[PDB]
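Read through the structure below, which is laid out as structure tokens, and then see the notes.
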Ligand SMILES: CCN1Cc2c(ccc(F)c2C#N)O[C@@H](C)CNC(=O)c2c(N)nn3ccc1nc23
């Protein structure tokens, strides 16, 4: 549609062609602004009712971006997150499209997750996840990161709070690309010189020192995610406040083994926490080490 040139006239030409491939007509989307499912730094996430080509009314989550005041920053956000339109994996949150509107902000359309984020699903005292069920979640997250890493994409915010569960209990890595924001305002430290939002208790040791993220720092973060699942959503490093983490990790200290974490899986965690990033296993090694531990549960 030609609405891109008008409603997003601050976009680089090549990005105009990119976002044009994923535009949703306003007649296809019903945004339930009175049914807010959550908030965030960049804006709110509402309920949605998308209508596909055949006519299926699909439940979706619509992310508002009205809090980004600078209209040039909106173009940068779409510039950094448009690549996600090329991602199609069962364990990675797909992108349904973008609804554009001048005198307003572009609406990002994501599919709805019935059981919310993975952390609040396993912390909830009403659900009963067996040890095997929790390792199944970790295996799916490793499958999603194996795909993302294969696309040379760095997540730099991988945590149980950023993974989701659909109706069939399929885990989907999220909080990346156009769906990236800050939804838990207690775990992130804002850099006063660069503005980057850092999950310090999830970043690799080398990431805390130089502020860079590779495909090995998400392996470290994936280690926290496996620790969270075993502890059913306990806060990592509870006795170490955010200024001693870096010194805590330089001595070689790591997270203790959870009371119900099988020894082979903890071994996978320490591998993710190698001080040398090049010694950590790839997400393809993780998808074979964890799947083997998950298959012993027959
Ligand atoms: C924009 C996409 N987001 C936002 C979102 C969150 C929380 C954690 C996340 F990694 C993401 C992401 N990416 O929002 C939080 C305020 C709460 N989000 C939800 O309860 C939610 C749901 N039940 N389905 N569903 C689908 C998508 C979706 N959020 C949800």
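Residue numbering: from 1, along the chain as shown.
When the header is checked for method, it gives X-ray crystallography, 2.7 Å.
Just so it is clear, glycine is given a Cβ too, placed from its N, Cα and C backbone atoms.
According to Swiss-Prot:
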ACT_SITE  157  active site, proton acceptor
BINDING   37, 38, 39, 40, 41, 42, 43, 44, 45, 63  ATP binding site
DOMAIN    31-298  domain 'Protein kinase'
MOD_RES   183  phosphotyrosine
MOD_RES   187  phosphotyrosine
MOD_RES   188  phosphotyrosine
MOD_RES   242  phosphothreonine
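Structural mapping of features recorded in Swiss-Prot.
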| residue | record | DSSP class |
| --- | --- | --- |
| 37 | ATP binding site | strand |
| 43 | ATP binding site | coil |
| 157 | active site, proton acceptor | coil |
| 183 | phosphotyrosine | coil |
| 188 | phosphotyrosine | strand |
| 242 | phosphothreonine | coil |
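Only 37, 183, of the recorded positions 37, 41, 183, place a Cβ under 6 Å from an atom of ligand 1. Proximity to residue 41 (ATP binding site), defined by a C-alpha to C-alpha distance within 10 angstroms, is shown by the following recorded positions from 157, 183, 188: 183. Between the alpha carbons (Cα) of residue 188 (phosphotyrosine) and residue 39 (ATP binding site) lies a span of roughly 16 Å. Residue 45 (ATP binding site) has a Cβ environment of 20 other Cβ atoms inside 10 Å.
When the Cα of residue 183 (phosphotyrosine) is compared against those of the recorded positions 39, 45, 242, the shortest separation belongs to 39. In sequence order, 64, 181, 183 are the residues of the same chain, not among 37, 38, 39, 40, 41, 42, 43, 44, 45, 63, whose CB sits within 8 A of the CB centroid for the ATP site.
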